[PDB]
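S.K.: Before we start, here is the structure in question, set down as structure tokens.
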RNA sequence: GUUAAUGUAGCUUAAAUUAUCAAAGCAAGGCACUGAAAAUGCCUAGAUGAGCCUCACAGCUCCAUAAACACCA
RNA sequence: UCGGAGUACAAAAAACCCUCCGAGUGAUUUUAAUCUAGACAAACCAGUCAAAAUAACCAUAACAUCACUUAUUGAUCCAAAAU
Ligand SMILES: [K+]
Ligand SMILES: [Mg+2]
Ligand SMILES: [Mg+2]
Ligand SMILES: [Mg+2]
Ligand SMILES: [Mg+2]
């Protein structure tokens, strides 16, 4: 149903944030030491995750808390999402994070990585 | 609901302070000056006076930041109005003066709250030891007279005050 | 009539008095992190997770798979740090990192991701898609050994099959090739099944490929049981999931009771139950790998029903429930003129005695 | 201070008029409304004064 | 020397070749940003006390911290 | 006549020539469309919300905002204006 764009989106809330009307949500957490990016279903489970805490990515990056580190996280997650078949997701950034240099270029990697934001509208919503 | 065990789960007004809004008619700096506790000194003003604006403010920031790390409440970090003095030197082989230079004074004040009597020795020890160069530290009591310098002058009252006397 | 709470209140730990002493949040990104950590705890009151299908909450998952490889943390901790110091000291790396001009060998990360944390990431992918629910019910396995499935489409083009990918049936018309690292000291079993797509029974799955007693890497040399059949999803109901299962077996097992005829085209003979199948040979086989892809309908499916299966192609359609209307009152009150149109049976006028 | 009610006619040629409350001291008003007749946004200008 | 307490980074998680993907989170700093703080952006530094035992549970011991009998003007 | 708080302590309703505050409109531009499931409210007349669908424009864009925002208002007939 999710791939056919006929499944139910959890419309509502509005008085809280972020809006939970999605099939997949991109969750980017910037701790002072590591960068972690998560793709979550509306059930709370995490499907595909790419973080600098992994030893696979740690040994190829200079530091885990740079602007370049966010790019590597974005590119690695973009490849994994294509491998996992997830092509659409919703990203709701904090307004100050939307103007941040790292997040701005992180989405650029996602767009060129093949993963497209702005999930398709539900059919007969 | 009242009878439910989950009553009062949304209580929050007791977490934040009342935060009395600055009313247009009631706008006033009502400061309950505390004086002479068992081990807590009164409100103190750390007057930092220096000739250079950059040097005076740089040490002013250090005092304010040091208090936060030491859990010392800082009520305000205002700045006393500056004073400008015209430096006139005497001319040799003569008596008439000449304009030598224009030197100004910059004062930064970091008002602090009460502190434990034991901590008074320790806190002031760090301050006076770190006076960079020529900074005139002055830790005086927060009397209203010391706070009157921040305001303006009112000759309209002085016209009435002189005639009242 | 005030009642007593059944447990600790949320904000009763902090002291109401002496507010200034308590340090504040001062930020909005700290509260979100704190709120989300609080939202996942099992509170005694009614929560969103309780009513909206948390899948029975905590579940005692049964593990049926190869044990994890034995790795010494003490040695691994030192070597990982030692390798990082060599990269850290490189000045030219600092030159690129500061100037925001650097890239990474994604292919190298792909190879290492498979070896280190690939099995664990693939486990939750299967759980999300419910592969374990429809194959081993509550039981789950960790895909310890890497597995690669690829389809030959063109002269040299190679369509890969990753976990949860999407493959058109045209690419899957021919049999794929499977590559995995294994020594010539054991046997392997490969199984391709169509989890959804069975017509008569909704709880059964078809079998499209089954190779038994594979000597090491060479899949072709292994004994063949069920021949390959191209996927045939229905035109209406799309996105069927096809899963590749790799089993590691200790001894040569007699997989003759599940033998299928050579030009097997009777779908009634393709009926399969993985849980029932794994029940018989639970002692010998052990799941080790996994790779599954989605598949929808295309033109190449039609010839499968006609030429191969000798079947009339069935076409489905997504049908929504009819709209709900209230019981019709004799005298509708303050209702629009279109109130009668809702309960009309047909728009063709029907005359009676006239 | 009293406001004035003026009728605005579409500049797209179609006959479409909607009234708008306007301050008296303000000059002639010109807005960007949306007439369903053309199904496109078109310029609207003040034409007549009806009610004060 | 001897008698009694303790020793992952500032607190604290996982860990402690007990197994696992892994030494984590928050603090603490520099710079920029109306003047102070605070936010925000960019960005810096890092420990599994030590050895042994167990190698498939983790603790003893050593050393050190630190108090004591106790050298002291 | 219309709204808010108490009387009316916890779903709704609830009176007095009862106790206290207000409204009979301004400011601004984001000038706010058409069509229809289902409901709240109610003696009646009135009042309120509203998914989907269509058009408008980031080319898969509908809550005008602020002032305790809640009240800022008037039925037929009849008259005047382009209809
Ligand atoms: K099916
Ligand atoms: Mg600052
Ligand atoms: Mg009713
Ligand atoms: Mg709509
Ligand atoms: Mg009449």
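S.K.: So which strands (runs of 3 or more DSSP E) are wholly in the stretch C:171-223 and hold at least 3 residues that are in contact (Cβ under 8 Å) with a residue 12 or more places away in the chain and within 21 Å of the chain's Cα centre (by Cα)? Give the derivation first.
M.R.: Numbers: elements: C:177-179, C:187-194, C:205-215.
Once the strands (runs of 3 or more DSSP E) in the stretch C:171-223 are filtered for at least 3 residues that are in contact (Cβ under 8 Å) with a residue 12 or more places away in the chain and within 21 Å of the chain's Cα centre (by Cα), what remains is C:187-194, C:205-215.
S.K.: Scan the stretch C:283-325 residue by residue and report those that are assigned to a loop (DSSP other than H, G, I, E, B), away from chain A (no Cβ under 14 Å) and more than 23 Å from the chain's Cα centre (by Cα).
M.R.: C:283, C:284, C:309, C:310, C:311, C:312, C:313, C:314, C:315, C:324, C:325
S.K.: For the condition more than 10 Å from chain C (Cβ to nearest Cβ), crowded, with 19+ Cβ neighbours inside 10 Å and closer than 27 Å to residue C:96 by Cβ, what is the one hit in A:61, A:106? I'd like the intermediate steps shown before the answer.
M.R.: On the way: A:61 fails: more than 10 Å from chain C (Cβ to nearest Cβ).
From the options A:61, A:106, the qualifying one is A:106.
S.K.: Turning to a different aspect of this structure: Which ones in the stretch A:19-39 are out of contact with any helix residue (DSSP H, G or I) (no Cβ under 8 Å at 6 or more places or on another chain), within 11 Å of another protein chain (Cβ to nearest Cβ) and surrounded by 14 or more Cβ atoms within 10 Å (Cβ to Cβ)?
M.R.: A:20, A:24, A:27
S.K.: Let me ask something additional. If the requirement is being within 14 Å of another protein chain (Cβ to nearest Cβ) and surrounded by 12 or more Cβ atoms within 10 Å (Cβ to Cβ), which of these qualifies: B:69, B:64, B:47, B:7?
M.R.: Values: B:69 fails: surrounded by 12 or more Cβ atoms within 10 Å (Cβ to Cβ); B:64 fails: within 14 Å of another protein chain (Cβ to nearest Cβ); B:47 fails: within 14 Å of another protein chain (Cβ to nearest Cβ).
Of B:69, B:64, B:47, B:7, the one residue that is within 14 Å of another protein chain (Cβ to nearest Cβ) and surrounded by 12 or more Cβ atoms within 10 Å (Cβ to Cβ) is B:7.
S.K.: Could you check the stretch D:28-39 and list, in sequence order, the residues that are free of Cβ contacts under 8 Å to residues at least 24 places away in the same chain and not in a loop (DSSP other than H, G, I, E, B)? Working first, answer last.
M.R.: Taking the stretch D:28-39 and keeping what is free of Cβ contacts under 8 Å to residues at least 24 places away in the same chain, we get D:28-32, D:34, D:36, D:39.
Of everything in the stretch D:28-39, those that are free of Cβ contacts under 8 Å to residues at least 24 places away in the same chain and not in a loop (DSSP other than H, G, I, E, B) turn out to be D:30, D:31, D:32, D:34.
S.K.: Continuing with this model, one more query. How many residues does the stretch C:193-227 contain that are in contact with a helix residue (DSSP H, G or I) (Cβ under 9 Å, 6 or more places away or on another chain) and more than 20 Å from residue C:174 (Cβ to Cβ)?
M.R.: 7
S.K.: For the subset of the stretch C:254-276 comprising residues that are in contact with a strand residue (DSSP E or B) (Cβ under 8 Å, 6 or more places away or on another chain) and part of a helix (DSSP H, G or I), which member is surrounded by the fewest Cβ atoms within 10 Å (Cβ to Cβ)? Explain how you work it out, then say what you get.
M.R.: At the first step, the residues of the stretch C:254-276 found to be in contact with a strand residue (DSSP E or B) (Cβ under 8 Å, 6 or more places away or on another chain) are C:255, C:258-260, C:264, C:267, C:270-274.
With the extra rule that they be part of a helix (DSSP H, G or I), the set shrinks to C:267, C:274.
Numbers: C:267: 16, C:274: 20.
It comes out as C:267.
S.K.: Condition first: in a strand (DSSP E or B) and over 16 Å from residue B:74 (Cβ atoms). Now tell me which residues in the stretch B:43-61 satisfy that. Step through it out loud before you land on a result.
M.R.: Filtering the stretch B:43-61 for residues in a strand (DSSP E or B) gives B:44-50.
Listed by number, the residues that qualify are B:49, B:50.
S.K.: Tally the residues that are assigned to a helix (DSSP H, G or I) and facing chain A (nearest Cβ under 9 Å), restricting the search to the stretch C:77-102.
M.R.: First, the residues of the stretch C:77-102 that are assigned to a helix (DSSP H, G or I): C:77-89, C:91-98.
Now drop any that are not facing chain A (nearest Cβ under 9 Å), which leaves C:80, C:83-84, C:87-88, C:93-94, C:96-98.
Number of matching residues: 10.
S.K.: Continuing with the same structure: Residue under question is residue C:10, and the condition is that it be part of a loop (DSSP other than H, G, I, E, B), out of contact with any helix residue (DSSP H, G or I) (no Cβ under 6 Å at 6 or more places or on another chain) and either surrounded by 10 or more Cβ atoms within 10 Å (Cβ to Cβ) or within 11 Å of chain B (Cβ to nearest Cβ) (or both); does it hold? Don't jump to the end; show me each part of the working.
M.R.: Values: part of a loop (DSSP other than H, G, I, E, B): yes; out of contact with any helix residue (DSSP H, G or I) (no Cβ under 6 Å at 6 or more places or on another chain): yes; either surrounded by 10 or more Cβ atoms within 10 Å (Cβ to Cβ) or within 11 Å of chain B (Cβ to nearest Cβ) (or both): yes.
For residue C:10, the condition - part of a loop (DSSP other than H, G, I, E, B), out of contact with any helix residue (DSSP H, G or I) (no Cβ under 6 Å at 6 or more places or on another chain) and either surrounded by 10 or more Cβ atoms within 10 Å (Cβ to Cβ) or within 11 Å of chain B (Cβ to nearest Cβ) (or both) - is met.
S.K.: Return the residues of the stretch C:316-354 that are within 27 Å of residue A:3 (Cβ to Cβ) and surrounded by 10 or more Cβ atoms within 10 Å (Cβ to Cβ); say none if nothing qualifies. Reasoning before the result, please.
M.R.: Initial filter on the stretch C:316-354 (within 27 Å of residue A:3 (Cβ to Cβ)): C:316-323.
If the condition is that a residue be within 27 Å of residue A:3 (Cβ to Cβ) and surrounded by 10 or more Cβ atoms within 10 Å (Cβ to Cβ), then C:316, C:318 are the ones that fit.
S.K.: Among A:53, A:42, which is the only one that is more than 21 Å from residue C:293 (Cβ to Cβ), more than 16 Å from ligand 1 (Cβ to nearest atom), free of Cβ contacts under 8 Å to residues at least 24 places away in the same chain and more than 7 Å from chain C (Cβ to nearest Cβ)?
M.R.: Numbers: A:42 fails: free of Cβ contacts under 8 Å to residues at least 24 places away in the same chain.
Exactly one of A:53, A:42 is more than 21 Å from residue C:293 (Cβ to Cβ), more than 16 Å from ligand 1 (Cβ to nearest atom), free of Cβ contacts under 8 Å to residues at least 24 places away in the same chain and more than 7 Å from chain C (Cβ to nearest Cβ), namely A:53.
S.K.: A follow-up question, please. Given A:90, A:16, which one is away from chain C (no Cβ under 12 Å) and within 16 Å of RNA strand F (Cβ to nearest atom)?
M.R.: Details: A:16 fails: away from chain C (no Cβ under 12 Å).
Of A:90, A:16, the one residue that is away from chain C (no Cβ under 12 Å) and within 16 Å of RNA strand F (Cβ to nearest atom) is A:90.
S.K.: Here's another thing I want to ask about it. Conditions first: (1) away from chain C (no Cβ under 14 Å); (2) part of a strand (DSSP E or B); (3) touching a residue at least 12 places away in the same chain (Cβ under 8 Å). Residue B:89 passes all but one, so which condition is the exception?
M.R.: (3)
S.K.: A follow-up question, please. All but one of (1) touching a strand residue (DSSP E or B) at 6+ places or on another chain (Cβ under 7 Å); (2) more than 16 Å from ligand 1 (Cβ to nearest atom); (3) under 14 Å from residue C:234 (Cβ atoms) hold for residue C:287, so report the exception by its number.
M.R.: With (1) touching a strand residue (DSSP E or B) at 6+ places or on another chain (Cβ under 7 Å); (2) more than 16 Å from ligand 1 (Cβ to nearest atom); (3) under 14 Å from residue C:234 (Cβ atoms) applied to residue C:287, the lone miss is (3).
S.K.: Answer yes or no as to whether residue B:114 is out of contact with any helix residue (DSSP H, G or I) (no Cβ under 9 Å at 6 or more places or on another chain), over 23 Å from residue B:57 (Cβ atoms), without any contact (Cβ under 8 Å) to a residue 40 or more places away in the chain and part of a loop (DSSP other than H, G, I, E, B). Spell out the reasoning first.
M.R.: Working: out of contact with any helix residue (DSSP H, G or I) (no Cβ under 9 Å at 6 or more places or on another chain): yes; over 23 Å from residue B:57 (Cβ atoms): yes; without any contact (Cβ under 8 Å) to a residue 40 or more places away in the chain: no; part of a loop (DSSP other than H, G, I, E, B): yes.
So residue B:114 fails the test.
S.K.: Sticking with this one: Of all residues in the stretch C:25-68 being loosely packed, with under 10 Cβ neighbours inside 10 Å and over 25 Å from residue C:138 (Cβ atoms), which is nearest to the other protein chains (Cβ to nearest Cβ)?
M.R.: Looking at residues that are loosely packed, with under 10 Cβ neighbours inside 10 Å and over 25 Å from residue C:138 (Cβ atoms), I get C:46.
Where a number appears in this text, it was derived from the coordinates with a stated rule and is not lab data. Note that each Cβ is placed from the backbone with ideal geometry, even for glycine, and that neighbours are counted across all protein chains shown.
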